[PDB]
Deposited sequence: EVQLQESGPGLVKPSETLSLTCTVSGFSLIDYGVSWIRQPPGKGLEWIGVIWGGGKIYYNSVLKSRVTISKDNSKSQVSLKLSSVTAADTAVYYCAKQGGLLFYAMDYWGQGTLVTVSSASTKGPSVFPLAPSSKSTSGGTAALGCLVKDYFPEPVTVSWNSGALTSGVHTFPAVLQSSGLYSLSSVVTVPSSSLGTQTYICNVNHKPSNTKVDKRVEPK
């Protein structure tokens, strides 16, 4: 019942201001406090600040002078606004509920949101089937040339999950991302069970269903 949803702009121009919002639900934001944590991609967690149920806001020393937390007890809404967003502000931002009244361990967390401070646009992915080209055969898509991250590859409408590997995207010399997703499956299955990678790139509102097919 204690659910935190974090939604905000994903791609932010350098020198701008991020403005994610955390719609808490099921717990009274009047009593409990929510803090914001960020985790720079592939790095340690960082604390941004806590907005205690009485509206007292505590900010980390480092990101202070550039952050603002506030809430609306009425709409169960908490919000982050970070100024001068610059290279280093890229990360997955998180809002978590403090465990108890004046307790500093964050019991319930939010799923996250990758804010990407960057100068590029939201180009969409180009799904190029990596044919099974036939034990365990392998078929996969090559989401390519997309920005920014992340892209959600899924197979056969979320049903096919066993043997799936979606790899971390890499940043190409072009400044665009490229990701592969593959799902080794029975040899005979290639013939019947259809496989259709479902690719979503939210920043560009791109949704692609591509059918990877033998030969």
property	result
Sequence ranges without modelled C-alpha atoms (deposited numbering)	135-139
